[PDB]
């Protein structure tokens, strides 16, 4: 349905663009170019060095059902070889609790998980399809808490929240269920609860660096795109060092930001302007009284505690002078954004409360994170519209907004974009 000779420009060398290149290439499309703005590849899979080891500034983990990432590893020769994840739960005062052994709440949560599992198996069949082009059940378009409440499954949120809100994906009072359950589908949720999780000694970034290297055309880096225009059935890309024509455009970069350097048509401007995102802040810390295990703080995942540390990552157990990363959110639709400065102070105060006082913050990053749309915009058919635009003036839309903000979902989506439109 697209000719193998086509000149394909892929924008972004994160997992989504690297995966697009991989699957295009494996389908016989040999004339692609990946254009990356930064010096590096892997995007939010970002694994810097410190004292001879890599720590994670972005993505850390996967699950055994990450079949597309397995396919990437098969190609690169990478293996799941990182340290085992373990965790404890803390209250906002730093006291350790065991929600699994709460004899009142515990059964109520697991009862609701049971009930939800059966709904997902029957009534909501299809919910877990990659992407949103297969229109989900209307109930899944509601905020996750409303969806649960409609089904009498509210207590399930106690399980689902920990790998969601603390992972920067926002809050169940407003995030549509369709996103929550495509990421944490039942089998995935069960893997998280069991601790059956993948990590990489050399960082999530490594396998993407290795993927890039296996490509017939590794990414061009430090490419500053000033304008894209799409006349006469072609794509013209202007950069600070060259300007070139392509036949096809694949976008794995933020679509609202794309409006600012493109000849965005009426629909693009209208719809991509509706995209909202998360401000997810990570601090790479050196600490005293080194933790012995990672910690989750459900109390700090409430919208009323916005900006507090929700989780910290104990990566290298053997070395107390290694990096502990902390995670917090700076935005919520119903509260004013928290400033970088007040959040940083909460890093210091919370880690102190938890008994792991910060000696040094060596790196901090607020990521552009989990692009999505509101329940109202989802219900109003945002994905029917945008997916209906696929191919218009030879432009295809992919990346996080089109699926979910995790590395397996975006790579899966890229794989399928090829099947759907190209082959």
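Residue numbers count along the first chain shown, from 1. For clarity, a rigid core is taken as the largest C-alpha set superposing within 1.5 Å between two forms.
Larger average C-alpha displacement in 5 other deposited structures of this protein, relative to the shown form after a rigid core fit, is seen for 98-106 when comparing 98-106 with 338-346. Per-stretch averaging of Cα B factors for 135-143 and 232-240 places 232-240 on top. Of the two segments, 187-195 and 261-269, the one listed with the higher mean B-factor is 261-269 (C-alpha atoms only). In this structure the maximum Cα B-factor among 204, 212, 292, 246 is found at 246. Compared with the other modelled residues of the chain, the Cα B-factor recorded for residue 65 ranks in the middle third. Remark: residue 53 belongs to the lowest third of its chain, ranked by C-alpha B-factor as recorded. In the PDB entry, a CA B factor belonging to the lowest third of its chain's modelled residues is recorded for residue 309. Among the modelled residues of its chain, residue 40 has a C-alpha B-factor that falls in the middle third, as given in the PDB entry. For residue 255, the recorded CA temperature factor ranks within the highest third of the chain's modelled residues.
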